[PDB]
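Have a look at the structure below before the remarks.
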Amino acid sequence: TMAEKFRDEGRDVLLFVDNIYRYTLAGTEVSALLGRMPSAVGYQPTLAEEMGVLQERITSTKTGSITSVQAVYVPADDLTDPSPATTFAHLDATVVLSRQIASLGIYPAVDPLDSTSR
Amino acid sequence: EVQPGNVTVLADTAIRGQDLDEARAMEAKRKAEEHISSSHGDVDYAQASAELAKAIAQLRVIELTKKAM
């Protein structure tokens with residue numbers, strides 16, 4: 001909401017999010033208590049909508065622009081877990097860090113056969 | 001070669017001359033000019049190598065066990 005206020009004032013803004021995965025994990029923690037049936041790996045049934053309704057308003061517009069960097073935790077290093085898998089589609093440049101490269105002491109541990117950009 | 005108490009015959013494996021060895025050398029040059037390479041005769045190594053190449057193909061193990069390498 002603050003990033004959007006600065007955007008609409010005509011400015012151009014930087015928005016850094018510290019870990020967007022926790023935003024869906026907090027929804028998974030509460031989902032079952034709201035009385036909703038579990039989905040594929042215990043995730044809430046509304047995972048993709050809860051994620052899209054947020055990431056669709058973090059965008060630049062003709063009146064001003066938002067440049068954003070988001071850290072995205074992937075659980076158990078599984079890049080096919082539903083949450084990273086649904087997050088991939090919402091980004092222009094995706095940088096994929098891997099443990100098998102960090103263990104070689106090569107930092108930043110970017111995997112160049114999976115990093116990509118529009 | 002006859003020696004005081006020994007005699008040895010240093011036989012050789014094939015007829016030797018000059019008409020023959022020269023043909024051998026001519027063919028040895030020809031095979032080098034036109035790059036003519038013959039196969040060996042080892043059918044055992046051939047079969048083992050082909051099985052080993054087919055078994056290791058599309059194996060992709062190192063992508064799977066996260067061996068950093």
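Chain identifiers are assigned as A, B, and so on, following the order in which chains appear in the structure tokens; residues are numbered from 1 within each chain, and ligands are numbered from 1 in order of appearance.
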* Please report as a PyMOL selection string which residues of chain A come no farther than 10 Å from chain B, using only C-alpha atoms. => chain A and resi 99-104
* To do: Once DSSP has gone over the backbone, tell me which residues of chain A are in helix (DSSP H, G or I), as a count of residues only.
  => 46
* **Two-atom distance - atom CA of residue A:74, atom CA of residue A:22 (Å)** =>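 Separation of atom CA of residue A:74 and atom CA of residue A:22: 10.5 Å.
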* atom CA of residue B:37 to atom CA of residue B:20: how many Å, to one decimal? ->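 Answer for the atom CA of residue B:37 to atom CA of residue B:20 separation: 22.2 Å.
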* **Who sits within 8 Å of stretch 47-62 of chain A, only C-alpha atoms, same chain under 2 positions skipped, as a PyMOL selection string** => chain A and resi 4+7+24+43-45+64-68+83+86-87+90
* To do: Would you work out the distance separating atom CA of residue B:30 from atom CA of residue B:45, expressed in Å to one decimal?
  =>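 Between atom CA of residue B:30 and atom CA of residue B:45 the gap works out to 28.3 Å.
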* Enumerate the residues of chain A with a DSSP assignment of strand (DSSP E or B), computed from the backbone, and present them as a PyMOL selection string. => chain A and resi 12-17+61+64-70+93-94+97+110+116-117
Selected residues written out with N, CA, C and O atoms, as a CSV table (one decimal), in the first residue's frame:
```csv
chain,number,residue,atom,x,y,z
A,12,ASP,N,8.7,7.2,-9.1
A,12,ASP,CA,9.1,5.8,-9.4
A,12,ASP,C,9.9,5.3,-8.2
A,12,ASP,O,10.7,5.9,-7.6
A,13,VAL,N,9.6,4.0,-7.9
A,13,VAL,CA,9.8,3.5,-6.6
A,13,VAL,C,10.6,2.2,-6.7
A,13,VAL,O,10.5,1.5,-7.7
A,14,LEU,N,11.3,1.9,-5.6
A,14,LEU,CA,11.9,0.6,-5.4
A,14,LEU,C,11.1,-0.1,-4.3
A,14,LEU,O,10.9,0.5,-3.2
A,15,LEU,N,10.8,-1.4,-4.5
A,15,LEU,CA,10.1,-2.2,-3.5
A,15,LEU,C,10.8,-3.5,-3.3
A,15,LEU,O,10.9,-4.3,-4.2
A,16,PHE,N,11.4,-3.7,-2.1
A,16,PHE,CA,12.1,-4.9,-1.7
A,16,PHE,C,11.3,-5.7,-0.7
A,16,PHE,O,10.9,-5.1,0.3
A,17,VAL,N,11.1,-7.0,-1.0
A,17,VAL,CA,10.3,-7.8,-0.1
A,17,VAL,C,11.2,-8.9,0.4
A,17,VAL,O,11.9,-9.6,-0.4
A,61,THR,N,3.0,1.5,-13.9
A,61,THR,CA,1.8,2.0,-14.7
A,61,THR,C,2.2,3.2,-15.4
A,61,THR,O,3.3,3.8,-15.2
A,64,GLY,N,3.4,6.0,-13.0
A,64,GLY,CA,4.6,5.8,-12.3
A,64,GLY,C,4.9,4.4,-12.2
A,64,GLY,O,4.1,3.5,-12.6
A,65,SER,N,6.1,4.1,-11.8
A,65,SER,CA,6.7,2.7,-11.9
A,65,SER,C,7.2,2.2,-10.6
A,65,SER,O,7.7,3.0,-9.8
A,66,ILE,N,7.1,0.9,-10.4
A,66,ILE,CA,7.6,0.2,-9.3
A,66,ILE,C,8.6,-0.9,-9.8
A,66,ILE,O,8.2,-1.7,-10.6
A,67,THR,N,9.8,-0.8,-9.3
A,67,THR,CA,10.8,-1.8,-9.6
A,67,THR,C,11.0,-2.6,-8.3
A,67,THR,O,11.2,-2.1,-7.2
A,68,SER,N,10.8,-3.9,-8.4
A,68,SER,CA,10.8,-4.8,-7.2
A,68,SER,C,11.7,-6.0,-7.3
A,68,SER,O,11.8,-6.6,-8.4
A,69,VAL,N,12.3,-6.3,-6.2
A,69,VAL,CA,13.1,-7.5,-6.0
A,69,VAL,C,12.5,-8.3,-4.9
A,69,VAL,O,12.2,-7.8,-3.8
A,70,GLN,N,12.2,-9.6,-5.1
A,70,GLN,CA,11.5,-10.5,-4.1
A,70,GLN,C,12.4,-11.7,-3.9
A,70,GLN,O,12.8,-12.4,-4.9
A,93,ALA,N,12.4,-11.4,-14.4
A,93,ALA,CA,13.7,-12.1,-14.3
A,93,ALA,C,13.7,-13.0,-13.1
A,93,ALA,O,13.3,-12.5,-12.0
A,94,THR,N,14.0,-14.2,-13.3
A,94,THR,CA,14.1,-15.2,-12.2
A,94,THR,C,15.5,-15.7,-12.1
A,94,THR,O,16.1,-16.2,-13.0
A,97,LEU,N,19.1,-19.8,-7.3
A,97,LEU,CA,20.3,-20.1,-6.5
A,97,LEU,C,20.2,-21.5,-6.1
A,97,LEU,O,19.2,-22.0,-5.7
A,110,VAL,N,24.5,-18.5,-8.2
A,110,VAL,CA,23.4,-18.5,-9.2
A,110,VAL,C,23.6,-19.7,-10.1
A,110,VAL,O,24.7,-20.0,-10.6
A,116,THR,N,16.9,-16.8,-15.8
A,116,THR,CA,16.4,-16.4,-17.1
A,116,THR,C,15.8,-15.0,-17.0
A,116,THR,O,15.6,-14.5,-15.9
A,117,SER,N,15.6,-14.4,-18.1
A,117,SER,CA,15.0,-13.1,-18.1
A,117,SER,C,14.1,-12.8,-19.3
A,117,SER,O,14.5,-13.3,-20.4
```
